[PDB]
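Okay, structure-v1.pdb is below, PDB, C-alpha atoms:
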```pdb
ATOM      1  CA  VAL A   3      47.611  30.359  33.528
ATOM      2  CA  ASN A   4      49.242  31.922  30.455
ATOM      3  CA  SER A   5      52.339  34.025  29.733
ATOM      4  CA  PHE A   6      50.750  37.477  29.115
ATOM      5  CA  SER A   7      52.140  40.085  31.566
ATOM      6  CA  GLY A   8      51.301  43.667  32.594
ATOM      7  CA  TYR A   9      47.696  43.725  31.315
ATOM      8  CA  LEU A  10      44.806  45.538  32.950
ATOM      9  CA  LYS A  11      41.723  43.307  33.279
ATOM     10  CA  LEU A  12      38.611  44.932  31.759
ATOM     11  CA  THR A  13      36.162  42.009  32.013
ATOM     12  CA  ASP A  14      36.063  38.275  32.692
ATOM     13  CA  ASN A  15      37.746  37.649  29.313
ATOM     14  CA  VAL A  16      39.195  40.941  27.950
ATOM     15  CA  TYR A  17      42.584  42.380  28.949
ATOM     16  CA  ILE A  18      44.406  45.505  27.673
ATOM     17  CA  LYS A  19      47.970  46.865  27.639
ATOM     18  CA  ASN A  20      49.882  49.822  26.144
ATOM     19  CA  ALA A  21      52.242  47.848  23.920
ATOM     20  CA  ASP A  22      53.585  47.397  20.411
ATOM     21  CA  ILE A  23      51.858  44.213  19.182
ATOM     22  CA  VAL A  24      55.025  43.259  17.239
ATOM     23  CA  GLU A  25      57.181  43.268  20.347
ATOM     24  CA  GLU A  26      54.484  41.659  22.426
ATOM     25  CA  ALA A  27      54.212  38.826  19.870
ATOM     26  CA  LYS A  28      58.008  38.411  19.749
ATOM     27  CA  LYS A  29      58.111  37.885  23.484
ATOM     28  CA  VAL A  30      55.021  35.852  24.195
ATOM     29  CA  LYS A  31      54.974  33.794  20.960
ATOM     30  CA  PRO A  32      51.193  33.394  21.376
ATOM     31  CA  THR A  33      49.227  30.632  19.704
ATOM     32  CA  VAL A  34      47.318  33.320  17.745
ATOM     33  CA  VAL A  35      48.215  36.900  16.823
ATOM     34  CA  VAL A  36      45.478  38.874  15.051
ATOM     35  CA  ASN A  37      46.347  41.027  12.043
ATOM     36  CA  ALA A  38      44.315  44.099  11.069
ATOM     37  CA  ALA A  39      44.026  42.885   7.478
ATOM     38  CA  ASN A  40      42.314  44.137   4.335
ATOM     39  CA  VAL A  41      40.450  41.887   1.882
ATOM     40  CA  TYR A  42      43.483  41.664  -0.441
ATOM     41  CA  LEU A  43      45.910  40.806   2.397
ATOM     42  CA  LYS A  44      48.087  43.718   1.219
ATOM     43  CA  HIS A  45      50.041  44.453   4.396
ATOM     44  CA  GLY A  46      51.203  47.977   3.610
ATOM     45  CA  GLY A  47      50.754  50.019   6.768
ATOM     46  CA  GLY A  48      49.295  50.203  10.225
ATOM     47  CA  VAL A  49      49.406  47.012  12.266
ATOM     48  CA  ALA A  50      49.573  44.863   9.113
ATOM     49  CA  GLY A  51      52.580  46.687   7.687
ATOM     50  CA  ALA A  52      54.366  46.415  11.033
ATOM     51  CA  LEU A  53      53.635  42.686  11.493
ATOM     52  CA  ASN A  54      54.667  41.929   7.923
ATOM     53  CA  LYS A  55      57.919  43.921   8.261
ATOM     54  CA  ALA A  56      58.761  41.921  11.405
ATOM     55  CA  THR A  57      58.437  38.695   9.323
ATOM     56  CA  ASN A  58      60.897  40.033   6.704
ATOM     57  CA  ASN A  59      57.988  40.049   4.164
ATOM     58  CA  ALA A  60      57.305  36.304   4.591
ATOM     59  CA  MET A  61      53.748  37.147   5.705
ATOM     60  CA  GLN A  62      53.168  39.013   2.408
ATOM     61  CA  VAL A  63      54.613  36.170   0.299
ATOM     62  CA  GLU A  64      52.339  33.643   2.019
ATOM     63  CA  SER A  65      49.366  36.016   1.719
ATOM     64  CA  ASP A  66      49.870  36.550  -2.025
ATOM     65  CA  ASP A  67      49.735  32.781  -2.571
ATOM     66  CA  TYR A  68      46.564  32.583  -0.424
ATOM     67  CA  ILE A  69      44.831  35.277  -2.510
ATOM     68  CA  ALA A  70      45.965  33.765  -5.814
ATOM     69  CA  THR A  71      44.292  30.487  -4.769
ATOM     70  CA  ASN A  72      41.204  31.708  -2.885
ATOM     71  CA  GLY A  73      40.470  35.283  -3.948
ATOM     72  CA  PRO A  74      39.819  38.153  -1.540
ATOM     73  CA  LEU A  75      38.360  37.874   1.917
ATOM     74  CA  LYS A  76      35.004  39.417   2.873
ATOM     75  CA  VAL A  77      34.823  42.557   5.003
ATOM     76  CA  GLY A  78      34.031  41.050   8.406
ATOM     77  CA  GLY A  79      35.797  37.796   7.475
ATOM     78  CA  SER A  80      39.096  36.142   8.308
ATOM     79  CA  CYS A  81      41.599  33.457   7.439
ATOM     80  CA  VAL A  82      44.196  31.549   9.461
ATOM     81  CA  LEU A  83      47.753  31.614   8.096
ATOM     82  CA  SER A  84      51.193  31.085   9.598
ATOM     83  CA  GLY A  85      52.390  33.252  12.468
ATOM     84  CA  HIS A  86      55.952  33.029  11.100
ATOM     85  CA  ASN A  87      58.449  34.185  13.761
ATOM     86  CA  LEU A  88      55.754  36.011  15.765
ATOM     87  CA  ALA A  89      53.176  33.361  16.777
ATOM     88  CA  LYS A  90      52.050  29.861  15.882
ATOM     89  CA  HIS A  91      49.214  31.255  13.736
ATOM     90  CA  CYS A  92      48.121  34.625  12.415
ATOM     91  CA  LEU A  93      44.371  35.249  12.257
ATOM     92  CA  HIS A  94      43.957  37.850   9.497
ATOM     93  CA  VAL A  95      40.693  39.675  10.314
ATOM     94  CA  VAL A  96      39.113  42.332   8.071
ATOM     95  CA  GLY A  97      37.342  45.051  10.002
ATOM     96  CA  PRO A  98      35.449  47.701   8.032
ATOM     97  CA  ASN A  99      37.604  50.614   6.832
ATOM     98  CA  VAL A 100      35.682  53.855   7.415
ATOM     99  CA  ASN A 101      38.096  55.555   5.055
ATOM    100  CA  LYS A 102      36.639  53.250   2.348
ATOM    101  CA  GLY A 103      33.024  53.854   3.360
ATOM    102  CA  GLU A 104      32.376  50.318   4.749
ATOM    103  CA  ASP A 105      29.526  49.588   7.128
ATOM    104  CA  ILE A 106      30.550  49.866  10.779
ATOM    105  CA  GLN A 107      28.014  47.230  11.742
ATOM    106  CA  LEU A 108      30.418  44.789  10.121
ATOM    107  CA  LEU A 109      32.734  45.392  13.082
ATOM    108  CA  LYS A 110      30.727  42.938  15.208
ATOM    109  CA  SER A 111      31.008  40.261  12.494
ATOM    110  CA  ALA A 112      34.775  40.881  12.375
ATOM    111  CA  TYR A 113      35.152  40.342  16.131
ATOM    112  CA  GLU A 114      33.063  37.130  15.971
ATOM    113  CA  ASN A 115      36.049  35.495  14.240
ATOM    114  CA  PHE A 116      37.949  35.730  17.543
ATOM    115  CA  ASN A 117      35.490  33.262  19.157
ATOM    116  CA  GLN A 118      37.004  30.404  17.115
ATOM    117  CA  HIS A 119      40.236  30.698  19.186
ATOM    118  CA  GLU A 120      40.560  30.145  22.931
ATOM    119  CA  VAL A 121      43.254  32.825  23.459
ATOM    120  CA  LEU A 122      44.441  35.654  21.171
ATOM    121  CA  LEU A 123      46.784  38.638  21.102
ATOM    122  CA  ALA A 124      45.026  41.338  19.076
ATOM    123  CA  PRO A 125      44.763  45.008  18.112
ATOM    124  CA  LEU A 126      41.516  46.952  18.225
ATOM    125  CA  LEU A 127      39.780  46.195  14.929
ATOM    126  CA  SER A 128      39.030  49.092  12.585
ATOM    127  CA  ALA A 129      41.115  51.486  14.744
ATOM    128  CA  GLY A 130      44.124  53.477  13.551
ATOM    129  CA  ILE A 131      44.229  53.965   9.782
ATOM    130  CA  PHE A 132      40.931  52.063   9.376
ATOM    131  CA  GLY A 133      39.218  55.203  10.686
ATOM    132  CA  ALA A 134      36.775  53.940  13.334
ATOM    133  CA  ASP A 135      36.439  55.291  16.870
ATOM    134  CA  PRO A 136      38.663  53.065  19.065
ATOM    135  CA  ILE A 137      36.335  53.558  22.066
ATOM    136  CA  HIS A 138      33.546  52.026  19.979
ATOM    137  CA  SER A 139      35.820  49.212  18.808
ATOM    138  CA  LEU A 140      36.652  48.307  22.415
ATOM    139  CA  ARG A 141      32.949  48.269  23.333
ATOM    140  CA  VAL A 142      32.118  45.947  20.412
ATOM    141  CA  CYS A 143      35.054  43.715  21.372
ATOM    142  CA  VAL A 144      33.855  43.366  24.972
ATOM    143  CA  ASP A 145      30.255  42.744  23.886
ATOM    144  CA  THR A 146      31.163  40.203  21.151
ATOM    145  CA  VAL A 147      34.289  38.227  22.049
ATOM    146  CA  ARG A 148      33.763  35.460  24.612
ATOM    147  CA  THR A 149      37.225  33.872  24.358
ATOM    148  CA  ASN A 150      40.283  35.301  26.101
ATOM    149  CA  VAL A 151      41.615  38.354  24.278
ATOM    150  CA  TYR A 152      44.754  40.347  25.117
ATOM    151  CA  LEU A 153      44.537  43.748  23.413
ATOM    152  CA  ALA A 154      47.707  45.680  22.562
ATOM    153  CA  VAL A 155      47.266  49.434  22.082
ATOM    154  CA  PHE A 156      50.372  51.114  20.599
ATOM    155  CA  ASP A 157      49.497  54.725  21.440
ATOM    156  CA  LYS A 158      49.967  55.512  25.149
ATOM    157  CA  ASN A 159      47.637  58.455  25.022
ATOM    158  CA  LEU A 160      44.899  56.394  23.407
ATOM    159  CA  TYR A 161      45.446  53.569  25.910
ATOM    160  CA  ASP A 162      44.856  55.967  28.826
ATOM    161  CA  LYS A 163      41.714  57.334  27.160
ATOM    162  CA  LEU A 164      40.368  53.805  26.544
ATOM    163  CA  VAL A 165      40.873  52.775  30.183
ATOM    164  CA  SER A 166      39.565  56.000  31.710
ATOM    165  CA  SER A 167      36.400  55.970  29.556
ATOM    166  CA  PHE A 168      35.653  52.234  29.887
ATOM    167  CA  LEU A 169      32.216  51.418  31.258
TER     168      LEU A 169
END
```
Using the file provided, produce a representation of the structure as structure tokens.
Amino acid sequence: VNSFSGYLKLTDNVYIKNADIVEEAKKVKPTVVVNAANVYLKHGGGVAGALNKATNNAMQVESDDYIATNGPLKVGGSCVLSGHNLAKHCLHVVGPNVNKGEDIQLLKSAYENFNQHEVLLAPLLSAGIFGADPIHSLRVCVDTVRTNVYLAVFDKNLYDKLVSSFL
């Protein structure tokens, strides 16, 4: 038993809700919140900009030190940093950005990072400003992640489309 509430169950291990991931994190304080990161951990917009704003820019300060030490992430890769006031940990995961011409096949590699964590609160990778089809992202999630994932979808209209079209 865990503290996630109001989710629709899609499969044995994948759950979905129309929710703002920032507010969901603030209430649940999950062990892991996933950020929709880029390779530079520049949290300007989308989910990343919203999560970073909710940390009063502490996420960005920590991220800049990480990059100065380690260099950029790989597309499809991840790193574990602090969850600040939102979660114990933040798993920064880089899905391919279609608006940068990155290979969509890397979306499966990106979701594989979730399997290193027993339970996660997450957005749909490569959705929103990353330019991929969210229906496709949900399918890859279900077919790749084996651990327990609670997906927050900000847009109510998109949420309804994702549920109604789910196979």
| task | Tell me, as an MDAnalysis selection string, which residues lie within 7 Å of residue A:10, counting all atoms listed in the file; anything in the same chain fewer than 3 positions away does not count. | result | chainID A and resid 17:19
| task | Compile the contact shell of stretch 89-92 of chain A as a PyMOL selection string: residues with an atom at most 10 Å away, counting all atoms listed in the file, same-chain residues fewer than 4 positions apart removed. | result | chain A and resi 27-37+53+61+81-85+122-124
| task | May I have the residues within 6 Å of residue A:21 as a ChimeraX atom specification, using all atoms listed in the file and disregarding those fewer than 4 positions away in the same chain? | result | /A:154-156
| task | Take the PyMOL selection byres ((chain A and resi 167) around 12), apply it to the structure above, and return the hits as a PyMOL selection string. | result | chain A and resi 12+136-138+140-141+160-166+168-169
| said: With all atoms listed in the file as the counted atoms, please give the residues lying no more than 12 Å from residue A:101, apart from itself and same-chain residues fewer than 4 positions off, as a ChimeraX atom specification. | reply: /A:97,105-106,128-135
With C-alpha atoms retained, write the just-selected residues as a tab-separated table (two decimals), in the coordinates of the input.
```tsv
chain	number	residue	atom	x	y	z
A	97	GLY	CA	37.34	45.05	10.00
A	105	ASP	CA	29.53	49.59	7.13
A	106	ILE	CA	30.55	49.87	10.78
A	128	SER	CA	39.03	49.09	12.58
A	129	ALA	CA	41.12	51.49	14.74
A	130	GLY	CA	44.12	53.48	13.55
A	131	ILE	CA	44.23	53.96	9.78
A	132	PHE	CA	40.93	52.06	9.38
A	133	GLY	CA	39.22	55.20	10.69
A	134	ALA	CA	36.78	53.94	13.33
A	135	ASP	CA	36.44	55.29	16.87
```
| task | Taking the file above as input, evaluate the PyMOL selection byres ((chain A and resi 7) around 10) and report the hits as JSON, numbers by chain. | result | {"A": [4, 5, 6, 8, 9, 10, 19, 26, 30, 152]}
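Atom CA of residue A:41 to atom CA of residue A:96 spans 6.3 Å [interatomic distance, one decimal].
In terms of minimum interatomic distance to residue A:94, A:43 ranks closest within A:121, A:43, A:16, A:151, counting all atoms listed in the file.
You can rank A:66, A:15, A:25, A:86 by their closest distance to residue A:117 using all atoms listed in the file, and at the top of that list sits A:15.
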| Radius query 12 Å about (49.6, 38.0, 0.0), atoms used: all atoms listed in the file, as a ChimeraX atom specification | /A:39-46,50-51,54,59-75,81,83-84,94
First collect every listed atom of stretch 120-128 of chain A; then fit an axis-aligned box around them, widen it by 6 Å on each side, and give centre and edge lengths in Å to one decimal, as lines of an AutoDock Vina configuration file.
```
center_x = 42.9
center_y = 39.6
center_z = 18.0
size_x = 19.8
size_y = 30.9
size_z = 22.9
```
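Taking atom CA of residue A:114 as the reference point, atom CA of residue A:146 is found at 6.3 Å.
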Evaluate the PyMOL selection byres ((chain A and resi 149) around 6) against this structure - the residues, as a PDB file with C-alpha atoms, keeping the file's coordinate frame, please.
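See result_31.pdb below for the written result:
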```pdb
ATOM      1  CA  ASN A 117      35.490  33.262  19.157  1.00  0.00           C
ATOM      2  CA  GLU A 120      40.560  30.145  22.931  1.00  0.00           C
ATOM      3  CA  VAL A 147      34.289  38.227  22.049  1.00  0.00           C
ATOM      4  CA  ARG A 148      33.763  35.460  24.612  1.00  0.00           C
ATOM      5  CA  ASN A 150      40.283  35.301  26.101  1.00  0.00           C
TER       6      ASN A 150
END
```
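From atom CA of residue A:52 back to atom CA of residue A:139, the distance works out to 20.3 Å.
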| request: Please provide as an MDAnalysis selection string all residues within 7 Å of residue A:113, with the sequence filter that same-chain residues fewer than 2 positions apart are discarded (counting only C-alpha atoms). | output: chainID A and resid 109:111 115:116 143 146:147
For the structure just given, write the atoms of stretch 115-153 of chain A, namely N, CA and C atoms, as a compact mmCIF listing (two decimals), in the first residue's frame.
```txt
# COMPACT_ATOMS: atom_id res chain seq x y z
N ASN A 115 15.28 3.61 -17.52
CA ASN A 115 15.81 4.16 -16.27
C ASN A 115 14.83 4.00 -15.12
N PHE A 116 13.52 4.00 -15.41
CA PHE A 116 12.53 3.88 -14.34
C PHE A 116 12.64 2.54 -13.62
N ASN A 117 13.15 1.50 -14.29
CA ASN A 117 13.20 0.16 -13.70
C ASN A 117 14.19 0.05 -12.55
N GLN A 118 15.04 1.06 -12.35
CA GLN A 118 15.96 1.06 -11.22
C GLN A 118 15.32 1.56 -9.93
N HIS A 119 14.01 1.87 -9.95
CA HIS A 119 13.29 2.43 -8.81
C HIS A 119 11.96 1.71 -8.65
N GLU A 120 11.67 1.28 -7.42
CA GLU A 120 10.49 0.43 -7.20
C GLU A 120 9.18 1.17 -7.46
N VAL A 121 9.12 2.46 -7.12
CA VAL A 121 7.93 3.29 -7.27
C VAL A 121 8.35 4.69 -7.70
N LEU A 122 7.62 5.28 -8.66
CA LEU A 122 7.95 6.61 -9.16
C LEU A 122 6.68 7.38 -9.49
N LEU A 123 6.73 8.69 -9.27
CA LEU A 123 5.80 9.67 -9.83
C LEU A 123 6.46 10.28 -11.06
N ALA A 124 5.78 10.29 -12.20
CA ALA A 124 6.45 10.67 -13.44
C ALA A 124 5.51 11.34 -14.43
N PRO A 125 6.06 12.16 -15.33
CA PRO A 125 5.33 12.62 -16.51
C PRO A 125 5.57 11.63 -17.66
N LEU A 126 4.79 11.80 -18.73
CA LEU A 126 5.06 11.07 -19.96
C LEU A 126 6.31 11.64 -20.64
N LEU A 127 7.32 10.79 -20.82
CA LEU A 127 8.57 11.23 -21.41
C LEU A 127 8.38 11.62 -22.86
N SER A 128 9.09 12.67 -23.26
CA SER A 128 9.11 13.22 -24.61
C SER A 128 7.79 13.86 -25.03
N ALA A 129 6.81 13.97 -24.12
CA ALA A 129 5.55 14.64 -24.42
C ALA A 129 5.72 16.15 -24.25
N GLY A 130 4.62 16.88 -24.41
CA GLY A 130 4.66 18.33 -24.25
C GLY A 130 5.64 18.95 -25.21
N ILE A 131 6.47 19.87 -24.70
CA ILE A 131 7.40 20.62 -25.54
C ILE A 131 8.51 19.77 -26.14
N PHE A 132 8.65 18.49 -25.73
CA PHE A 132 9.61 17.61 -26.39
C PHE A 132 9.08 17.05 -27.71
N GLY A 133 7.80 17.24 -28.03
CA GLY A 133 7.33 17.07 -29.40
C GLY A 133 6.87 15.69 -29.81
N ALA A 134 6.97 14.67 -28.95
CA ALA A 134 6.52 13.34 -29.34
C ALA A 134 5.01 13.20 -29.13
N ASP A 135 4.45 12.17 -29.76
CA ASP A 135 3.04 11.82 -29.58
C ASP A 135 2.85 11.22 -28.19
N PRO A 136 2.06 11.84 -27.31
CA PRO A 136 1.88 11.28 -25.96
C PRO A 136 1.24 9.90 -25.94
N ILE A 137 0.39 9.57 -26.93
CA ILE A 137 -0.18 8.22 -27.00
C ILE A 137 0.92 7.19 -27.18
N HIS A 138 1.88 7.50 -28.05
CA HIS A 138 3.05 6.64 -28.24
C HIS A 138 3.88 6.55 -26.97
N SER A 139 4.11 7.68 -26.31
CA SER A 139 4.89 7.65 -25.07
C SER A 139 4.25 6.75 -24.02
N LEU A 140 2.93 6.81 -23.88
CA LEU A 140 2.25 5.94 -22.92
C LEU A 140 2.42 4.47 -23.29
N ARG A 141 2.33 4.14 -24.59
CA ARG A 141 2.51 2.76 -25.02
C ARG A 141 3.92 2.27 -24.68
N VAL A 142 4.94 3.08 -24.98
CA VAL A 142 6.31 2.68 -24.66
C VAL A 142 6.48 2.51 -23.15
N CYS A 143 5.89 3.42 -22.37
CA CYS A 143 5.96 3.30 -20.92
C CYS A 143 5.42 1.95 -20.46
N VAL A 144 4.20 1.61 -20.89
CA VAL A 144 3.57 0.37 -20.46
C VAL A 144 4.37 -0.85 -20.89
N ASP A 145 4.98 -0.79 -22.07
CA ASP A 145 5.72 -1.93 -22.61
C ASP A 145 7.17 -1.99 -22.14
N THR A 146 7.63 -1.02 -21.36
CA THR A 146 9.03 -0.95 -20.93
C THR A 146 9.21 -0.95 -19.42
N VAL A 147 8.40 -0.18 -18.71
CA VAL A 147 8.54 -0.04 -17.27
C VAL A 147 7.86 -1.23 -16.60
N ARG A 148 8.59 -1.88 -15.70
CA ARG A 148 8.10 -3.01 -14.92
C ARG A 148 7.88 -2.67 -13.46
N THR A 149 8.46 -1.57 -12.98
CA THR A 149 8.23 -1.08 -11.63
C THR A 149 6.95 -0.25 -11.61
N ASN A 150 6.57 0.21 -10.42
CA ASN A 150 5.27 0.84 -10.24
C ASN A 150 5.36 2.33 -10.55
N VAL A 151 4.66 2.75 -11.59
CA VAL A 151 4.75 4.12 -12.08
C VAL A 151 3.38 4.78 -12.04
N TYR A 152 3.36 5.97 -11.42
CA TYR A 152 2.19 6.83 -11.28
C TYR A 152 2.40 8.03 -12.20
N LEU A 153 1.66 8.06 -13.30
CA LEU A 153 1.80 9.08 -14.33
C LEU A 153 0.85 10.24 -14.07
```
